[PDB]
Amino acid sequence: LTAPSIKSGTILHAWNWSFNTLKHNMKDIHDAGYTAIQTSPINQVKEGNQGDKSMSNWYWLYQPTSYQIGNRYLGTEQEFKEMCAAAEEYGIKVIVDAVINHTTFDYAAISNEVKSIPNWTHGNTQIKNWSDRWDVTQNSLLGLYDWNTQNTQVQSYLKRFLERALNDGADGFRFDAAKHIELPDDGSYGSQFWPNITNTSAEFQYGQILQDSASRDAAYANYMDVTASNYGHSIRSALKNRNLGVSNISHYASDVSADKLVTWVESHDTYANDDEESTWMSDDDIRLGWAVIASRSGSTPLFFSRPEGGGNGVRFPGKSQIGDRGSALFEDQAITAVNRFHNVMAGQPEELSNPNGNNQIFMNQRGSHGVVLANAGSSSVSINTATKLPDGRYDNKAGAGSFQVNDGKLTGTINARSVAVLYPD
């Protein structure tokens, strides 16, 4: 229900949830078995399109104007502080999405607070060659003004913001566009930006480093955890073909070890961006996806709270607005069961397989303690596989059903499009 550390638990991405909504849905998030929560950017941003709350305006939260805490979309610093305290009341940790690689693109909106720092930016010359580290780190991403991360004065300014969040109650960070901030060994233009701003009391901290050739996943891993963006793609592909074949969904598609990895089925971008890369999915595809990644060992899964009514190609249904609580899926019986499972199996090794050679059925056996089954198939299946679980009756915790282990053999009917969580007590 609550792991001994942010790293051993499941993180709920409260995408666009205001500080007050969060505060109010704390008992629920605790009940659902999450150890940490990830908020949207908590700082002062360029509140575009006249500050309108339509979900389609979500992107304005990634265009900072000053690094003061509080904004119209999510709320005020006091509210943030109050929410961190409400979280702590149930042992929940708070993770802050820190957009520290850039500010807004609208130069006139940038605060004096920012403009006062001598030589604070690199400019807004759009990145051209993505295979070039110099271009990727030293130039403008989307025309968003690029902070001059080599400037110790900007480092200090940005770091005091992190410090302030931690002191407000926060416990960790998700470094937005962390791939666009050079490392020490990043050639002639490296810097001590990471060793510096990473040196805080933050329990857990990881960066969004979308994978490619100039992303250096294994290098950033030496400072913070990294995002397995490719793996997420493998998962979505699997769910797409309804083929949960272990050969493909077992390699994290990265050269970083899973204990320095943050995983997901989809991110706020794949869903919310105009590409609609993962919007196609439905709650059912997400349940099976979660079962697959949140049953793994060592990797920290991040659950994405989609807009009330989103899915099936529909991004912004217009049933909620920025600040409103997301869909109820975050606390579904099947999701909750896997979170609990994920927590209790901490430390346990894993072994993946496909019962009876059926690639539509995913089985994850954590030691001789638990078993997670995911049937992506459109029909029900009766299984009969070996098991390290003791003999006895096991009721499906993720939903309805019972399985019987007998003479080291698992048997039962996993319902179509269903997840099954199996373990004692």
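All residue numbers refer to positions in the sequence shown, first residue = 1.
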property	result
Stretch exceeding the other in mean C-alpha B-factor - 384 to 392, 370 to 378	384 to 392
Given 331 to 339 and 282 to 290, the range whose Cα B-factors average higher in the PDB entry	331 to 339
Residue with maximal Cα B-factor (values as given in the PDB entry) among 230, 139, 76, 208	230
Which of 199, 312, 300, 151 ranks first by CA B-factor in the deposited coordinates	199
Third of chain Cα B-factors occupied by residue 183	highest
Where the record places residue 398 (Cα B-factor, split into thirds across the chain)	highest
Ranked C-alpha temperature factor of residue 326 among modelled chain residues, by third	middle
Lowest, middle or highest third - CA B-factor, residue 3	highest
Third of the chain's Cα B-factor distribution that residue 356 belongs to, per the entry	highest
